[PDB]
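Q: Structure supplied as structure38.cif; contents: mmCIF, N, CA and C atoms.
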```cif
data_entry
loop_
_atom_site.group_PDB
_atom_site.id
_atom_site.type_symbol
_atom_site.label_atom_id
_atom_site.label_comp_id
_atom_site.auth_asym_id
_atom_site.auth_seq_id
_atom_site.Cartn_x
_atom_site.Cartn_y
_atom_site.Cartn_z
ATOM 1 N N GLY A 157 -35.439 -34.752 1.608
ATOM 2 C CA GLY A 157 -34.408 -35.421 2.385
ATOM 3 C C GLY A 157 -33.010 -34.982 1.990
ATOM 4 N N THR A 158 -32.749 -34.901 0.683
ATOM 5 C CA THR A 158 -31.428 -34.498 0.208
ATOM 6 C C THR A 158 -31.096 -33.072 0.636
ATOM 7 N N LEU A 159 -32.060 -32.156 0.510
ATOM 8 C CA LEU A 159 -31.832 -30.769 0.899
ATOM 9 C C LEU A 159 -31.588 -30.648 2.395
ATOM 10 N N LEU A 160 -32.337 -31.401 3.206
ATOM 11 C CA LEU A 160 -32.119 -31.341 4.647
ATOM 12 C C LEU A 160 -30.767 -31.928 5.032
ATOM 13 N N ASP A 161 -30.339 -32.998 4.354
ATOM 14 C CA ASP A 161 -29.006 -33.540 4.608
ATOM 15 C C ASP A 161 -27.925 -32.526 4.253
ATOM 16 N N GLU A 162 -28.077 -31.848 3.113
ATOM 17 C CA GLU A 162 -27.093 -30.848 2.708
ATOM 18 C C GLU A 162 -27.062 -29.673 3.678
ATOM 19 N N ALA A 163 -28.234 -29.230 4.140
ATOM 20 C CA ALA A 163 -28.288 -28.147 5.117
ATOM 21 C C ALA A 163 -27.656 -28.556 6.441
ATOM 22 N N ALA A 164 -27.865 -29.804 6.864
ATOM 23 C CA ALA A 164 -27.217 -30.290 8.078
ATOM 24 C C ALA A 164 -25.704 -30.342 7.917
ATOM 25 N N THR A 165 -25.226 -30.806 6.761
ATOM 26 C CA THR A 165 -23.786 -30.852 6.524
ATOM 27 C C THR A 165 -23.184 -29.451 6.499
ATOM 28 N N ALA A 166 -23.878 -28.497 5.877
ATOM 29 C CA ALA A 166 -23.353 -27.141 5.763
ATOM 30 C C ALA A 166 -23.469 -26.353 7.061
ATOM 31 N N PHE A 167 -24.501 -26.603 7.859
ATOM 32 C CA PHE A 167 -24.745 -25.857 9.088
ATOM 33 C C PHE A 167 -24.736 -26.772 10.307
ATOM 34 N N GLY A 168 -23.764 -27.678 10.373
ATOM 35 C CA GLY A 168 -23.662 -28.620 11.472
ATOM 36 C C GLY A 168 -23.574 -27.968 12.837
ATOM 37 N N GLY A 169 -22.480 -27.259 13.093
ATOM 38 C CA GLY A 169 -22.298 -26.581 14.362
ATOM 39 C C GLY A 169 -21.742 -25.182 14.203
ATOM 40 N N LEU A 170 -22.106 -24.513 13.111
ATOM 41 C CA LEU A 170 -21.557 -23.206 12.779
ATOM 42 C C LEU A 170 -22.256 -22.055 13.479
ATOM 43 N N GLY A 171 -22.993 -22.298 14.558
ATOM 44 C CA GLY A 171 -23.667 -21.238 15.270
ATOM 45 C C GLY A 171 -22.744 -20.114 15.705
ATOM 46 N N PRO A 172 -21.809 -20.416 16.614
ATOM 47 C CA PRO A 172 -20.869 -19.372 17.056
ATOM 48 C C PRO A 172 -20.029 -18.795 15.931
ATOM 49 N N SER A 173 -19.576 -19.630 14.992
ATOM 50 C CA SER A 173 -18.719 -19.133 13.919
ATOM 51 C C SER A 173 -19.472 -18.179 12.999
ATOM 52 N N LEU A 174 -20.708 -18.522 12.623
ATOM 53 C CA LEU A 174 -21.501 -17.615 11.798
ATOM 54 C C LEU A 174 -21.861 -16.344 12.559
ATOM 55 N N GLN A 175 -22.136 -16.461 13.862
ATOM 56 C CA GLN A 175 -22.404 -15.269 14.663
ATOM 57 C C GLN A 175 -21.200 -14.334 14.667
ATOM 58 N N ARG A 176 -20.002 -14.894 14.853
ATOM 59 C CA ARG A 176 -18.786 -14.091 14.809
ATOM 60 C C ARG A 176 -18.582 -13.483 13.429
ATOM 61 N N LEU A 177 -18.862 -14.254 12.375
ATOM 62 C CA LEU A 177 -18.739 -13.748 11.010
ATOM 63 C C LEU A 177 -19.619 -12.522 10.802
ATOM 64 N N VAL A 178 -20.892 -12.611 11.193
ATOM 65 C CA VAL A 178 -21.816 -11.504 10.952
ATOM 66 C C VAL A 178 -21.442 -10.295 11.804
ATOM 67 N N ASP A 179 -21.079 -10.522 13.072
ATOM 68 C CA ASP A 179 -20.693 -9.408 13.933
ATOM 69 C C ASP A 179 -19.442 -8.715 13.403
ATOM 70 N N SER A 180 -18.449 -9.498 12.973
ATOM 71 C CA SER A 180 -17.234 -8.922 12.418
ATOM 72 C C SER A 180 -17.529 -8.148 11.146
ATOM 73 N N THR A 181 -18.376 -8.703 10.274
ATOM 74 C CA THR A 181 -18.710 -8.027 9.025
ATOM 75 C C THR A 181 -19.365 -6.679 9.291
ATOM 76 N N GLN A 182 -20.352 -6.650 10.193
ATOM 77 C CA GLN A 182 -21.034 -5.390 10.468
ATOM 78 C C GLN A 182 -20.095 -4.378 11.117
ATOM 79 N N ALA A 183 -19.246 -4.822 12.053
ATOM 80 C CA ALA A 183 -18.332 -3.894 12.714
ATOM 81 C C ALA A 183 -17.326 -3.316 11.727
ATOM 82 N N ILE A 184 -16.741 -4.175 10.885
ATOM 83 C CA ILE A 184 -15.761 -3.723 9.902
ATOM 84 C C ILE A 184 -16.398 -2.743 8.928
ATOM 85 N N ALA A 185 -17.596 -3.064 8.426
ATOM 86 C CA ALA A 185 -18.238 -2.184 7.453
ATOM 87 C C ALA A 185 -18.585 -0.833 8.066
ATOM 88 N N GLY A 186 -19.129 -0.833 9.287
ATOM 89 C CA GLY A 186 -19.453 0.428 9.934
ATOM 90 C C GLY A 186 -18.229 1.286 10.186
ATOM 91 N N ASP A 187 -17.151 0.674 10.688
ATOM 92 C CA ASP A 187 -15.932 1.435 10.937
ATOM 93 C C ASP A 187 -15.312 1.925 9.634
ATOM 94 N N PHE A 188 -15.396 1.117 8.573
ATOM 95 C CA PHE A 188 -14.867 1.523 7.277
ATOM 96 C C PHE A 188 -15.613 2.730 6.731
ATOM 97 N N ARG A 189 -16.944 2.735 6.847
ATOM 98 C CA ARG A 189 -17.695 3.917 6.433
ATOM 99 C C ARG A 189 -17.333 5.120 7.292
ATOM 100 N N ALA A 190 -17.159 4.910 8.601
ATOM 101 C CA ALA A 190 -16.791 6.015 9.480
ATOM 102 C C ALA A 190 -15.421 6.589 9.143
ATOM 103 N N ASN A 191 -14.549 5.798 8.518
ATOM 104 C CA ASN A 191 -13.201 6.231 8.172
ATOM 105 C C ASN A 191 -12.989 6.196 6.665
ATOM 106 N N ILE A 192 -13.933 6.737 5.897
ATOM 107 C CA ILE A 192 -13.827 6.655 4.445
ATOM 108 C C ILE A 192 -13.004 7.804 3.865
ATOM 109 N N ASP A 193 -12.962 8.961 4.538
ATOM 110 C CA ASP A 193 -12.131 10.059 4.043
ATOM 111 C C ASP A 193 -10.644 9.717 4.081
ATOM 112 N N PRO A 194 -10.091 9.128 5.156
ATOM 113 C CA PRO A 194 -8.696 8.661 5.071
ATOM 114 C C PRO A 194 -8.447 7.653 3.963
ATOM 115 N N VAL A 195 -9.383 6.734 3.712
ATOM 116 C CA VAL A 195 -9.189 5.767 2.635
ATOM 117 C C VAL A 195 -9.178 6.470 1.284
ATOM 118 N N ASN A 196 -10.086 7.432 1.091
ATOM 119 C CA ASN A 196 -10.107 8.201 -0.149
ATOM 120 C C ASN A 196 -8.801 8.958 -0.343
ATOM 121 N N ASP A 197 -8.301 9.591 0.722
ATOM 122 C CA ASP A 197 -7.057 10.346 0.618
ATOM 123 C C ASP A 197 -5.882 9.433 0.293
ATOM 124 N N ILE A 198 -5.802 8.277 0.960
ATOM 125 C CA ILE A 198 -4.747 7.310 0.661
ATOM 126 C C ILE A 198 -4.801 6.909 -0.806
ATOM 127 N N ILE A 199 -5.986 6.509 -1.278
ATOM 128 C CA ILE A 199 -6.124 6.000 -2.641
ATOM 129 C C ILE A 199 -5.756 7.074 -3.655
ATOM 130 N N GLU A 200 -6.246 8.294 -3.455
ATOM 131 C CA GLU A 200 -6.100 9.317 -4.477
ATOM 132 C C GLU A 200 -4.800 10.103 -4.370
ATOM 133 N N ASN A 201 -4.024 9.936 -3.296
ATOM 134 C CA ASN A 201 -2.779 10.674 -3.164
ATOM 135 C C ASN A 201 -1.535 9.812 -2.998
ATOM 136 N N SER A 202 -1.659 8.494 -2.819
ATOM 137 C CA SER A 202 -0.467 7.662 -2.744
ATOM 138 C C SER A 202 0.180 7.437 -4.101
ATOM 139 N N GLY A 203 -0.557 7.637 -5.187
ATOM 140 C CA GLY A 203 -0.026 7.465 -6.519
ATOM 141 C C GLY A 203 1.133 8.380 -6.874
ATOM 142 N N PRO A 204 1.002 9.695 -6.629
ATOM 143 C CA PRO A 204 2.117 10.602 -6.961
ATOM 144 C C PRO A 204 3.435 10.264 -6.284
ATOM 145 N N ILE A 205 3.421 9.911 -4.996
ATOM 146 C CA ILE A 205 4.672 9.659 -4.284
ATOM 147 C C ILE A 205 5.348 8.404 -4.816
ATOM 148 N N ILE A 206 4.578 7.325 -4.959
ATOM 149 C CA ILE A 206 5.139 6.068 -5.440
ATOM 150 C C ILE A 206 5.626 6.213 -6.876
ATOM 151 N N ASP A 207 4.866 6.928 -7.711
ATOM 152 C CA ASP A 207 5.295 7.152 -9.088
ATOM 153 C C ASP A 207 6.569 7.985 -9.145
ATOM 154 N N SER A 208 6.688 8.992 -8.275
ATOM 155 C CA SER A 208 7.912 9.785 -8.227
ATOM 156 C C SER A 208 9.099 8.930 -7.814
ATOM 157 N N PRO B 206 -15.614 4.931 -8.075
ATOM 158 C CA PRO B 206 -15.123 6.051 -8.900
ATOM 159 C C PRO B 206 -13.615 6.247 -8.850
ATOM 160 N N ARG B 207 -12.936 5.741 -7.821
ATOM 161 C CA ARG B 207 -11.494 5.891 -7.671
ATOM 162 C C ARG B 207 -10.745 4.591 -7.954
ATOM 163 N N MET B 208 -11.260 3.773 -8.863
ATOM 164 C CA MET B 208 -10.606 2.509 -9.190
ATOM 165 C C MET B 208 -9.405 2.642 -10.130
ATOM 166 N N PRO B 209 -9.413 3.538 -11.133
ATOM 167 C CA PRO B 209 -8.164 3.757 -11.888
ATOM 168 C C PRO B 209 -7.015 4.179 -10.994
ATOM 169 N N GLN B 210 -7.305 4.970 -9.961
ATOM 170 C CA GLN B 210 -6.274 5.350 -9.005
ATOM 171 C C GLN B 210 -5.773 4.138 -8.231
ATOM 172 N N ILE B 211 -6.665 3.199 -7.903
ATOM 173 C CA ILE B 211 -6.241 1.977 -7.224
ATOM 174 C C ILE B 211 -5.335 1.147 -8.128
ATOM 175 N N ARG B 212 -5.687 1.037 -9.412
ATOM 176 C CA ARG B 212 -4.831 0.325 -10.358
ATOM 177 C C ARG B 212 -3.465 0.992 -10.473
ATOM 178 N N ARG B 213 -3.451 2.326 -10.537
ATOM 179 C CA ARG B 213 -2.196 3.069 -10.578
ATOM 180 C C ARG B 213 -1.365 2.810 -9.331
ATOM 181 N N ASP B 214 -2.010 2.801 -8.163
ATOM 182 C CA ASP B 214 -1.296 2.579 -6.912
ATOM 183 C C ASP B 214 -0.696 1.184 -6.855
ATOM 184 N N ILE B 215 -1.453 0.169 -7.274
ATOM 185 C CA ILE B 215 -0.936 -1.198 -7.252
ATOM 186 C C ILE B 215 0.227 -1.356 -8.227
ATOM 187 N N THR B 216 0.104 -0.785 -9.431
ATOM 188 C CA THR B 216 1.190 -0.875 -10.405
ATOM 189 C C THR B 216 2.443 -0.169 -9.898
ATOM 190 N N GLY B 217 2.274 1.042 -9.361
ATOM 191 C CA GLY B 217 3.407 1.764 -8.814
ATOM 192 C C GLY B 217 4.035 1.047 -7.638
ATOM 193 N N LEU B 218 3.209 0.427 -6.792
ATOM 194 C CA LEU B 218 3.728 -0.324 -5.656
ATOM 195 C C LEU B 218 4.572 -1.499 -6.120
ATOM 196 N N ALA B 219 4.109 -2.224 -7.143
ATOM 197 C CA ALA B 219 4.903 -3.330 -7.670
ATOM 198 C C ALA B 219 6.223 -2.834 -8.248
ATOM 199 N N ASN B 220 6.176 -1.749 -9.029
ATOM 200 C CA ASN B 220 7.402 -1.212 -9.615
ATOM 201 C C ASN B 220 8.376 -0.746 -8.539
ATOM 202 N N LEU B 221 7.870 -0.053 -7.517
ATOM 203 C CA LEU B 221 8.727 0.447 -6.449
ATOM 204 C C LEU B 221 9.311 -0.692 -5.631
ATOM 205 N N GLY B 222 8.525 -1.742 -5.393
ATOM 206 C CA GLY B 222 9.058 -2.905 -4.712
ATOM 207 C C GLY B 222 10.192 -3.549 -5.481
ATOM 208 N N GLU B 223 10.033 -3.682 -6.803
ATOM 209 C CA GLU B 223 11.115 -4.239 -7.613
ATOM 210 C C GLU B 223 12.351 -3.346 -7.579
ATOM 211 N N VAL B 224 12.151 -2.027 -7.656
ATOM 212 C CA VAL B 224 13.272 -1.088 -7.615
ATOM 213 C C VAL B 224 14.020 -1.205 -6.291
ATOM 214 N N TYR B 225 13.279 -1.243 -5.182
ATOM 215 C CA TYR B 225 13.911 -1.337 -3.872
ATOM 216 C C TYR B 225 14.582 -2.689 -3.677
ATOM 217 N N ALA B 226 13.986 -3.761 -4.200
ATOM 218 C CA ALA B 226 14.620 -5.069 -4.100
ATOM 219 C C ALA B 226 15.923 -5.110 -4.883
ATOM 220 N N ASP B 227 15.984 -4.403 -6.014
ATOM 221 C CA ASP B 227 17.237 -4.320 -6.758
ATOM 222 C C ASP B 227 18.272 -3.475 -6.022
ATOM 223 N N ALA B 228 17.845 -2.376 -5.401
ATOM 224 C CA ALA B 228 18.774 -1.413 -4.819
ATOM 225 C C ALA B 228 19.102 -1.684 -3.354
ATOM 226 N N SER B 229 18.460 -2.677 -2.731
ATOM 227 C CA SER B 229 18.660 -2.903 -1.299
ATOM 228 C C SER B 229 20.047 -3.416 -0.918
ATOM 229 N N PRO B 230 20.646 -4.418 -1.593
ATOM 230 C CA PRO B 230 21.932 -4.945 -1.088
ATOM 231 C C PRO B 230 23.037 -3.906 -0.980
ATOM 232 N N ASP B 231 23.169 -3.033 -1.981
ATOM 233 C CA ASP B 231 24.169 -1.974 -1.905
ATOM 234 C C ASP B 231 23.875 -1.030 -0.748
ATOM 235 N N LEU B 232 22.602 -0.671 -0.564
ATOM 236 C CA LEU B 232 22.244 0.224 0.531
ATOM 237 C C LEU B 232 22.567 -0.404 1.877
ATOM 238 N N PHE B 233 22.331 -1.707 2.023
ATOM 239 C CA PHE B 233 22.543 -2.341 3.320
ATOM 240 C C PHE B 233 24.024 -2.553 3.615
ATOM 241 N N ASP B 234 24.831 -2.866 2.595
ATOM 242 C CA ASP B 234 26.277 -2.912 2.811
ATOM 243 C C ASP B 234 26.814 -1.532 3.177
ATOM 244 N N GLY B 235 26.342 -0.499 2.471
ATOM 245 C CA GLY B 235 26.712 0.854 2.825
ATOM 246 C C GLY B 235 26.265 1.227 4.220
ATOM 247 N N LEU B 236 25.112 0.714 4.654
ATOM 248 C CA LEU B 236 24.638 0.996 6.003
ATOM 249 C C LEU B 236 25.487 0.286 7.048
ATOM 250 N N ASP B 237 25.952 -0.931 6.754
ATOM 251 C CA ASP B 237 26.877 -1.611 7.662
ATOM 252 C C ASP B 237 28.145 -0.789 7.865
ATOM 253 N N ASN B 238 28.787 -0.408 6.763
ATOM 254 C CA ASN B 238 30.043 0.325 6.896
ATOM 255 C C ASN B 238 29.813 1.740 7.426
ATOM 256 N N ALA B 239 28.656 2.332 7.126
ATOM 257 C CA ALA B 239 28.293 3.615 7.707
ATOM 258 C C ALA B 239 28.036 3.491 9.198
ATOM 259 N N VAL B 240 27.550 2.336 9.653
ATOM 260 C CA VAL B 240 27.409 2.092 11.084
ATOM 261 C C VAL B 240 28.778 2.031 11.741
ATOM 262 N N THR B 241 29.731 1.361 11.093
ATOM 263 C CA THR B 241 31.093 1.328 11.630
ATOM 264 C C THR B 241 31.674 2.738 11.761
ATOM 265 N N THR B 242 31.617 3.526 10.683
ATOM 266 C CA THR B 242 32.154 4.883 10.769
ATOM 267 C C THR B 242 31.314 5.791 11.668
ATOM 268 N N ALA B 243 30.028 5.488 11.860
ATOM 269 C CA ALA B 243 29.205 6.263 12.780
ATOM 270 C C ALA B 243 29.578 5.965 14.222
ATOM 271 N N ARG B 244 29.901 4.706 14.518
ATOM 272 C CA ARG B 244 30.442 4.366 15.827
ATOM 273 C C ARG B 244 31.749 5.105 16.067
ATOM 274 N N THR B 245 32.616 5.141 15.051
ATOM 275 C CA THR B 245 33.868 5.884 15.182
ATOM 276 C C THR B 245 33.619 7.368 15.439
ATOM 277 N N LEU B 246 32.685 7.972 14.703
ATOM 278 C CA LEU B 246 32.372 9.383 14.911
ATOM 279 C C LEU B 246 31.764 9.630 16.288
ATOM 280 N N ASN B 247 30.935 8.701 16.769
ATOM 281 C CA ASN B 247 30.339 8.844 18.094
ATOM 282 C C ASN B 247 31.392 8.771 19.192
ATOM 283 N N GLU B 248 32.366 7.868 19.056
ATOM 284 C CA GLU B 248 33.368 7.714 20.105
ATOM 285 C C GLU B 248 34.294 8.917 20.239
ATOM 286 N N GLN B 249 34.309 9.828 19.266
ATOM 287 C CA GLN B 249 35.220 10.969 19.263
ATOM 288 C C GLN B 249 34.473 12.263 18.976
ATOM 289 N N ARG B 250 33.308 12.444 19.604
ATOM 290 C CA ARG B 250 32.517 13.649 19.367
ATOM 291 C C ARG B 250 33.241 14.902 19.846
ATOM 292 N N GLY B 251 33.911 14.819 20.998
ATOM 293 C CA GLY B 251 34.661 15.963 21.494
ATOM 294 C C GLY B 251 35.787 16.372 20.565
ATOM 295 N N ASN B 252 36.464 15.387 19.969
ATOM 296 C CA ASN B 252 37.499 15.684 18.986
ATOM 297 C C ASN B 252 36.923 16.436 17.795
ATOM 298 N N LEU B 253 35.757 16.006 17.307
ATOM 299 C CA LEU B 253 35.136 16.676 16.170
ATOM 300 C C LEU B 253 34.722 18.100 16.521
ATOM 301 N N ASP B 254 34.157 18.306 17.714
ATOM 302 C CA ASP B 254 33.761 19.657 18.111
ATOM 303 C C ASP B 254 34.972 20.574 18.247
ATOM 304 N N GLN B 255 36.047 20.077 18.868
ATOM 305 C CA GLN B 255 37.262 20.875 18.985
ATOM 306 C C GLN B 255 37.843 21.184 17.614
ATOM 307 N N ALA B 256 37.804 20.208 16.703
ATOM 308 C CA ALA B 256 38.281 20.432 15.344
ATOM 309 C C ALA B 256 37.467 21.513 14.652
#
```
Write the structure described by the file as structure tokens, please.
A:
Amino acid sequence: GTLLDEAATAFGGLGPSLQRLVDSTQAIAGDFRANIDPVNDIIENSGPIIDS
Amino acid sequence: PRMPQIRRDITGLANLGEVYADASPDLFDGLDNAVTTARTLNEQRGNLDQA
């Protein structure tokens, strides 16, 4: 009973919100992997300019 | 594998932000008065070319 009450409190009406969360997470992660070379270049080359 | 570089970037960003925050008021006052003299130079471009 306690576990079912806690699950109801935690997952009351979060259907659409959790669906949006998972869709956003997958889209962001896929696009981030698709654009990992620009992120690598930013990380590894922004240091010299800012330090200068 | 590129996390030391991330730490370097964050540290440099903080230092550069502090430097720019210190140096901004003088630059912006100079930009105001440079805008005034730039307006003056724009209004007399033909005079400058003839000169």
Q: Can you list every residue of chain A that has an atom at most 6 Å from chain B, with its nearest atom pair and the distance in Å to one decimal, using only C-alpha atoms, ordered by chain then number, as JSON lines?
A:
```
{"residue": "A:203", "atom": "CA", "partner": "B:214", "partner_atom": "CA", "distance": 5.1}
{"residue": "A:206", "atom": "CA", "partner": "B:217", "partner_atom": "CA", "distance": 5.7}
{"residue": "A:207", "atom": "CA", "partner": "B:217", "partner_atom": "CA", "distance": 5.7}
```
Q: Can you write out the residues you just picked, keeping N, CA and C atoms, as a PDB file, in the coordinates of the input?
A:
```
ATOM      1  N   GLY A 203      -0.557   7.637  -5.187  1.00  0.00           N
ATOM      2  CA  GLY A 203      -0.026   7.465  -6.519  1.00  0.00           C
ATOM      3  C   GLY A 203       1.133   8.380  -6.874  1.00  0.00           C
ATOM      4  N   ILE A 206       4.578   7.325  -4.959  1.00  0.00           N
ATOM      5  CA  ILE A 206       5.139   6.068  -5.440  1.00  0.00           C
ATOM      6  C   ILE A 206       5.626   6.213  -6.876  1.00  0.00           C
ATOM      7  N   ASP A 207       4.866   6.928  -7.711  1.00  0.00           N
ATOM      8  CA  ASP A 207       5.295   7.152  -9.088  1.00  0.00           C
ATOM      9  C   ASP A 207       6.569   7.985  -9.145  1.00  0.00           C
TER      10      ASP A 207
END
```
Q: Can you work out the spacing between atom C of residue 241 (chain B) and CA of residue 223 (chain B) in Å, to one decimal?
A: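 Between atom C of residue 241 (chain B) and CA of residue 223 (chain B) the gap is 29.1 Å.
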Q: Could you tell me how far CA of residue 200 (chain A) sits from CA of residue 187 (chain A), in Å to one decimal place?
A: 19.9 Å
Q: One decimal, Å: what's the distance from atom N of residue 161 (chain A) over to atom N of residue 174 (chain A), could you say?
A: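 Separating atom N of residue 161 (chain A) from atom N of residue 174 (chain A) is a distance of 19.3 Å.
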Q: Taking all atoms of region 188-207 of chain A that the file lists and extending 4 Å past them on each side, where is the centre of the axis-aligned box and how long are its edges? Answer in Å to one decimal, as AutoDock Vina command-line options.
A:
```
--center_x -5.6 --center_y 5.9 --center_z 0.2 --size_x 32.3 --size_y 17.6 --size_z 26.6
```
Q: Missing atoms in region 239-252 of chain B: fill them in up to N, CA, C and O atoms and send the result as an mmCIF file, keeping the file's coordinate frame.
A:
```cif
data_model
loop_
_atom_site.group_PDB
_atom_site.id
_atom_site.type_symbol
_atom_site.label_atom_id
_atom_site.label_comp_id
_atom_site.auth_asym_id
_atom_site.auth_seq_id
_atom_site.Cartn_x
_atom_site.Cartn_y
_atom_site.Cartn_z
ATOM 1 N N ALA B 239 28.656 2.332 7.126
ATOM 2 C CA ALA B 239 28.293 3.615 7.707
ATOM 3 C C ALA B 239 28.036 3.491 9.198
ATOM 4 O O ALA B 239 28.285 4.437 9.943
ATOM 5 N N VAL B 240 27.550 2.336 9.653
ATOM 6 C CA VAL B 240 27.409 2.092 11.084
ATOM 7 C C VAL B 240 28.778 2.031 11.741
ATOM 8 O O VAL B 240 28.981 2.575 12.833
ATOM 9 N N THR B 241 29.731 1.361 11.093
ATOM 10 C CA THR B 241 31.093 1.328 11.630
ATOM 11 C C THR B 241 31.674 2.738 11.761
ATOM 12 O O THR B 241 32.154 3.134 12.836
ATOM 13 N N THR B 242 31.617 3.526 10.683
ATOM 14 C CA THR B 242 32.154 4.883 10.769
ATOM 15 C C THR B 242 31.314 5.791 11.668
ATOM 16 O O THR B 242 31.851 6.751 12.226
ATOM 17 N N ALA B 243 30.028 5.488 11.860
ATOM 18 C CA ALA B 243 29.205 6.263 12.780
ATOM 19 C C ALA B 243 29.578 5.965 14.222
ATOM 20 O O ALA B 243 29.568 6.862 15.069
ATOM 21 N N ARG B 244 29.901 4.706 14.518
ATOM 22 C CA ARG B 244 30.442 4.366 15.827
ATOM 23 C C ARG B 244 31.749 5.105 16.067
ATOM 24 O O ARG B 244 31.975 5.651 17.156
ATOM 25 N N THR B 245 32.616 5.141 15.051
ATOM 26 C CA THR B 245 33.868 5.884 15.182
ATOM 27 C C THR B 245 33.619 7.368 15.439
ATOM 28 O O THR B 245 34.265 7.970 16.304
ATOM 29 N N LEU B 246 32.685 7.972 14.703
ATOM 30 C CA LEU B 246 32.372 9.383 14.911
ATOM 31 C C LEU B 246 31.764 9.630 16.288
ATOM 32 O O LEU B 246 32.028 10.665 16.911
ATOM 33 N N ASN B 247 30.935 8.701 16.769
ATOM 34 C CA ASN B 247 30.339 8.844 18.094
ATOM 35 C C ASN B 247 31.392 8.771 19.192
ATOM 36 O O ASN B 247 31.324 9.522 20.172
ATOM 37 N N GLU B 248 32.366 7.868 19.056
ATOM 38 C CA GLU B 248 33.368 7.714 20.105
ATOM 39 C C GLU B 248 34.294 8.917 20.239
ATOM 40 O O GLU B 248 35.003 9.015 21.246
ATOM 41 N N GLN B 249 34.309 9.828 19.266
ATOM 42 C CA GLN B 249 35.220 10.969 19.263
ATOM 43 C C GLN B 249 34.473 12.263 18.976
ATOM 44 O O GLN B 249 34.926 13.100 18.189
ATOM 45 N N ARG B 250 33.308 12.444 19.604
ATOM 46 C CA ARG B 250 32.517 13.649 19.367
ATOM 47 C C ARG B 250 33.241 14.902 19.846
ATOM 48 O O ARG B 250 33.198 15.945 19.181
ATOM 49 N N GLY B 251 33.911 14.819 20.998
ATOM 50 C CA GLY B 251 34.661 15.963 21.494
ATOM 51 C C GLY B 251 35.787 16.372 20.565
ATOM 52 O O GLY B 251 36.048 17.565 20.377
ATOM 53 N N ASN B 252 36.464 15.387 19.969
ATOM 54 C CA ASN B 252 37.499 15.684 18.986
ATOM 55 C C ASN B 252 36.923 16.436 17.795
ATOM 56 O O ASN B 252 37.519 17.407 17.320
#
```
